[PDB]
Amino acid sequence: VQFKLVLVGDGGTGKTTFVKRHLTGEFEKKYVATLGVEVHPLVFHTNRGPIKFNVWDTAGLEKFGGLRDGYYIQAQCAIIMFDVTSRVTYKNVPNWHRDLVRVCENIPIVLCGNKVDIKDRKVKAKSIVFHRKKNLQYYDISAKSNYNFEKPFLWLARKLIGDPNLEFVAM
């Protein structure tokens, strides 16, 4: 039960920081731009057994895109990420969604607003609506404070299998 999960979004959105926390539990404070893509297996233990996400953490910066949409090929789900401290990143979402689905017809896609821990929220929850019409799931997350940390994965896991009652149990 392995699943390919591409992680896209603007630069500095916290994609790599997010993935890092799930694997090591450490919080990286620095922003070292991702170069093309880097594949990270993530394992979760669920009521029904272990689930493994091969997270293709892709680059959000234009200069380091790499194979771009080429990475999406054969993806089975995805997380579109933006930073609620930066209005620009949300506005680019439709571009990230476009690229992804033109490659991936029907896959579960979660939309995540990262950094909700920063008191100076610029992308108000009221403005976050793009996911409605694309039939996508949305979650506020913080990699720093671990707020709604697993929500994207639990949802994706529930959709990829066929079990709404499925739950992460942790060992």
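The first residue of the shown sequence is 1; numbering continues from there.
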Please compare 45 to 53 with 121 to 129 and say which has the higher mean C-alpha temperature factor in the record.
45 to 53
Please work out which of 58 to 66 and 25 to 33 has the higher mean CA B-factor as recorded in the PDB entry.
58 to 66
Can you tell me which of 111, 143, 39, 103 has the highest Cα temperature factor in the record?
103
Test of reading the entry: by CA B factor among the chain's modelled residues, which third contains residue 163?
highest
Pull the Cα B-factor of residue 81 out of the PDB entry and bin it into the chain's lowest, middle or highest third.
middle
Looking at the entry's B-factor column for C-alpha atoms only, identify whether residue 95 ranks in the lowest, middle or highest third of its chain.
middle
Grab the CA temperature factor for residue 5 from the record and place it in the lowest, middle or highest third of its chain.
middle
